[PDB]
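Reading through the structure tokens given below for one structure.
Keep in mind that the numbers below use all heavy atoms, side chains included, and drop hydrogens, waters and symmetry copies. The sequence lines fix the lettering, A, B, ..., with proteins before strands; numbering per chain opens at 1.
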Amino acid sequence: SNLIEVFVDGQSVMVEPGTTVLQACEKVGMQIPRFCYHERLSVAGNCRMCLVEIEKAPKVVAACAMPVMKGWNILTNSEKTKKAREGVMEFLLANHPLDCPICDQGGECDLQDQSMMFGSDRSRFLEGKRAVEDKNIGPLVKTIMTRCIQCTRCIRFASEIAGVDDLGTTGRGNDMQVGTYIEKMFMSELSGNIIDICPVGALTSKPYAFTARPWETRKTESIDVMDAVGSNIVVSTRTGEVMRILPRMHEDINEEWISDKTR
Amino acid sequence: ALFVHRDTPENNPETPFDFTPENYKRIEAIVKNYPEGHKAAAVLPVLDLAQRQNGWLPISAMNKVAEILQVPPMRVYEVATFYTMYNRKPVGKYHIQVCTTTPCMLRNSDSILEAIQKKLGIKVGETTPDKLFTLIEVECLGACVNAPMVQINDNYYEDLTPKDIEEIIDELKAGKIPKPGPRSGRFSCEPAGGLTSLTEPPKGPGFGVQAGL
Amino acid sequence: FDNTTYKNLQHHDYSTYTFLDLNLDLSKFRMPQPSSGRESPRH
Amino acid sequence: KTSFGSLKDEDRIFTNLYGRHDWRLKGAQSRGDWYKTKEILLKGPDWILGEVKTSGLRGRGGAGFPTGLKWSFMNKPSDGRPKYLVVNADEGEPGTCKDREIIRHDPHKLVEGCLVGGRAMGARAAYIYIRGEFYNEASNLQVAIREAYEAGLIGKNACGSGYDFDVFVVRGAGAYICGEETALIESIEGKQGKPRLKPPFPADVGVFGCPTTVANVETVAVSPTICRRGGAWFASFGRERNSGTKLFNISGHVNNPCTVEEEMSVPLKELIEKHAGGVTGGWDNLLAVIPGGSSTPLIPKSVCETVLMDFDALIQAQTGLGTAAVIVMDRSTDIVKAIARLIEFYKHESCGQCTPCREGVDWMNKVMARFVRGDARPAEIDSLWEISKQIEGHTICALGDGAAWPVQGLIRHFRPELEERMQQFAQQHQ
Ligand SMILES: Cc1cc2nc3c(=O)[nH]c(=O)nc-3n(C[C@H](O)[C@H](O)[C@H](O)COP(=O)(O)O)c2cc1C
Ligand code: SF4
Ligand code: SF4
Ligand code: SF4
Ligand code: FES
Ligand code: FES
Ligand SMILES: [K+]
């Protein structure tokens with residue numbers, strides 16, 4: 001009808017106009033690497049981890065933002081794509097702190113996992129690293145902002161989803177910092193969700209701090225009873241004890257969010 | 001300098017700032033330059049107007065602008081910290097800004113930089129105890145052919161030598177206002193030693209007009 | 001015909017509010033602005 | 001024609017380049033500005049766009065896209081939104097300072113260009129974005145706009161043609177990245193000067209979300225003359241696909257650094273010798289030239305001996321015309337430090353939005369700082385080359401490219417000099 005034909009590694013796909021290159025790859029069952037893109041937030045296109053090669057085109061495109069055109073062949077595993085990912089991963093890790101053993105994201109970190117699958121296996125950065133001061137934004141969300149990779153997910157979530165315009169970027173260049181600028185607390189009934197959408201250990205659950213690692217927890221898919229919405233949750237347990245509460249995706253109820261009482 | 005604000009007695013949300021009546025009329029004209037429904041476009045000119053009235057931008061000045069335009073205060077904080085012409089700390093009365101990018105560096109911007117430091121007895125980034133001068137380096141000021149040069153407040157002083165800059169500070173320190181422009185012998189961007197072009201009188205109206213217009 | 005003097009000396013007299021005063025001056029010449037239809041994107 | 005570079009005064013456009021005549025409306029009118037402008041507006045946009053197309057004019061802001069085709073993207077039926085012309089007077093590329101002279105000495109050329117250009121695009125107003133540092137230049141331009149309003153040249157019934165047009169001036173606040181066309185648009189909208197991804201392209205979604213064309217000051221200011229005198233006249237200067245006259249800034253190690261207008265495709269040597277008084281200490285003292293602002297890669301004395309100043313000639317020499325800001329360096333120049341300071345410039349201007357520039361440009365800066373002292377190993381030169389390639393073509397805007405190209409120029413032509421510093425350092429600290 002109004003669908004158009006594109007190719008992902010030569011496999012034909014029929015997509016609605018406006019579908020992005022990243023969304024076309026989902027249909028054939030490929031997940032393009034990402035950091036800044038989140039399907040429930042506005043497109044940002046700043047991390048550049050989603051860069052992919054379109055056949056015959058000399059420039060890689062940001063799959064998360066680029067609308068796919070008719071007849072395009074998206075080469076998701078070509079050397080030009082692979083070298084783009086290795087280059088971006090190299091820049092993301094250049095200033096990242098060597099924190100994994102003390103970092104609570106360790107074991108369920110997108111930076112770790114996409115470094116394993118898409119990055120290089122070693123470093124050639126021979127300088128010193130950036131270090132930034134931490135921001136206090138309440139008793140729920142701990143900030144270790146040296147780990148931040150400036151994806152701006154928290155800013156976009158706070159503004160669009162929570163309707164709170166208290167998070168932004170201050171400064172410029174390598175010294176651009178995410179935060180409130182002034183001493184402010186980010187206290188919203190949905191605030192705890194920035195822990196989930198932050199890809200790194202920059203934002204973490206203060207109550208959960210240091211207590212468990214993700215591989216050792218048992219997951220129980222259950223229902224919230226703090227209100228009458230019936231939000232779908234996952235109860236993380238370990239050796240008989242409840243460790244934390246996570247959202248469970250349900251498009252018709254809570255999507256992938258929960259309230260701060262539930263959390 | 002830092003990009004996080006910590007309240008202090010000189011700089012806190014209750015530091016008194018407000019636009020004068022004259023500046024509110026100017027604010028109205030600034031806001032009228034943009035489509036209705038997009039008043040956020042007035043953030044840059046109105047922060048600058050606040051700084052022109054006050055000299056710098058206390059956090060209370062930032063909050064006033066956010067209140068006038070009905071933009072979240074954070075969105076004004078982002079602008080204030082992004083653009084380098086906004087002073088988030090008090091500066092000296094005469095903000096001396098020495099270009100040190102390669103074209104000016106190639107024409108001995110260092111000699112200018114040391115000329116000012118010995119004269120005022122300060123290092124880059126500092127303010128004199130009498131709070132009259134503040135020295136900082138800056139990137140290309142768009143006057144490269146007249147290098148080396150400095151900008152003091154809104155004025156450019158160009159084709160400088162160590163003597164010329166020491167003289168300018170004496171005039172400023174003496175209550176006088178030196179004349180902006182090249183200090184060598186030429187007027188603007190012309191070759192020194194005689195123009196190599198534009199010596200014939202310019203043509204009058206209608207010269208060269210294509211047929212049938 | 002004169003070609004040996006600088007004819008751009010008016011900016012030796014410009015002050016702090018020169019640009020904003022001219023903008024205020026031009027306010028009466030502008031055409032009415034277009035409207036997005038709402039007070040702001042947050043309305 | 002096979003040789004270029006002897007432009008006569010009668011063929012020059014910016015005839016008050018040096019500010020030796022009255023810059024106000026009476027003086028500009030006496031020099032031919034604002035002449036038969038009503039006739040041009042009534043000729044129609046298709047005629048104007050046709051004239052610019054045949055002139056061969058290309059963008060004078062850096063990238064140099066064909067101007068006639070770029071402006072034609074706006075020649076589409078109004079879809080309810082206002083259409084805008086944004087004039088880029090940010091003038092930020094180091095070594096570049098030509099747009100400063102148009103603004104303060106020939107403002108009425110810029111104003112008439114906005115009107116003529118705006119009519120071609122079907123635009124209701126022009127926003128002139130000018131860097132905040134140029135305060136006096138903005139005041140001059142603001143005075144000229146007032147005269148054009150008081151004379152009915154713009155405003156309601158602009159030039160008596162029945163077309164309404166406004167000319168707003170908006171000042172920057174200190175940011176080289178606001179010269180990028182989409183970062184400029186974001187800046188007018190009251191946000192941080194962070195570029196937008198493409199698509200959408202400004203002709204579809206621009207300032208305030210409306211169809212917009214961003215044009216450099218020099219591109220706009222020549223258009224009334226191209227229309228008055230015809231695109232055939234303009235196209236008769238310079239090599240084919242490199243047409244017209246261009247403003248050149250010659251700075252650095254020359255006897256008489258100056259701004260001058262000259263024909264495209266002029267030899268770089270002739271331009272330096274004829275107008276700037278030659279290289280300081282003689283032509284044999286020349287080390288390198290950055291032909292077109294800091295973003296373009298440098299070329300060594302051997303290449304400059306015969307290169308022509310235009311887009312295709314300089315592309316062939318592995319560089320670019322850029323803004324035609326010619327930065328000359330002589331054999332007394334610490335060439336590594338000169339380029340290191342440019343990387344330091346880009347480090348301070350990156351908006352920080354996207355990873356390869358935010359992190360990568362600061363990384364090259366740290367490496368360059370070590371190359372100046374030789375506190376490095378020769379294996380790091382190829383590492384730095386690969387780092388620059390990882391930045392180029394992977395960023396949102398071309399600032400990432402403009403930081404990588406200077407580095408590639410240094411490694412391309414001065415690799416042995418980089419390795420000499422590493423040798424000297426290694427001997428001393430043993
Ligand atoms: C970092 C950066 C800075 C730029 N600065 C300017 C500038 O100061 N003036 C300008 O005209 N174009 C500048 N540009 C180019 C603009 O993005 C755009 O290409 C230009 O305004 C188009 O105008 P034109 O086609 O008439 O040349 C810059 C681009 C980048 C990436
Ligand atoms: S965020 Fe991920 S990569 Fe960074 S320290 Fe934590 S676990 Fe390691
Ligand atoms: S704190 Fe986390 S979510 Fe926010 S910008 Fe940094 S990495 Fe992204
Ligand atoms: S390349 Fe640099 S200046 Fe351009 S968008 Fe990315 S971070 Fe900003
Ligand atoms: S996921 Fe596309 S640039 Fe971040
Ligand atoms: S390098 Fe100093 S004004 Fe351009
Ligand atoms: K997290």
Checking A:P67 now: which residues fulfil side chain to side chain contact (heavy atoms under 4.5 Å, CB included) with it, not counting sequence neighbours?
D:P199

Between the side chains of A:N2 and A:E16, is a donor N or O closer than 3.5 angstrom to an acceptor N or O?
no

Donor on one side chain, acceptor on other, D:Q353 and D:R358, under 3.5 Å
no

With distance as the sole criterion, is a donor-acceptor pair present between the side chains of A:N95 and D:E359 under 3.5 Å?
yes

Sidechain-backbone polar pair: B:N87 side chain, B:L57 backbone, donor-acceptor under 3.5 Å
no

State whether a side-chain donor-acceptor pair under 3.5 Å links A:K135 with A:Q177.
yes

Looking only at atom types and distance, does a side-chain atom of D:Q192 sit under 3.5 Å from a main-chain N or O of D:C351, one as donor and one as acceptor?
no

Assess the side chains of A:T262 and A:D224: does a donor N or O sit below 3.5 Å from an acceptor N or O?
yes

If a pair satisfies salt bridge (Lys or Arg N to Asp or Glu O under 4.0 Å) and one of its residues is in residues 254-263 of chain A, list it, with sequence neighbours excluded.
A:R40-A:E255, A:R40-A:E256, A:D196-A:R263

Report yes or no: do A:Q105 and A:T204 form a side-chain donor-acceptor pair below 3.5 Å?
no

D:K194 versus A:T169, side-chain donor and acceptor atoms under 3.5 Å:
yes

Polar contact flag, side-chain donor to acceptor under 3.5 angstrom, B:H5-B:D7
yes

If you measure only the distance, is there a donor-acceptor pair under 3.5 Å linking the side chains of B:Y83 and D:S187?
yes

Does any donor atom in the side chain of B:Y77 or B:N63 lie under 3.5 Å from an acceptor atom in the other side chain?
yes

Quick check for you: to the nearest 0.5 Å, what is the distance between D:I396 atom CD1 and D:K198 atom NZ?
10.5 Å

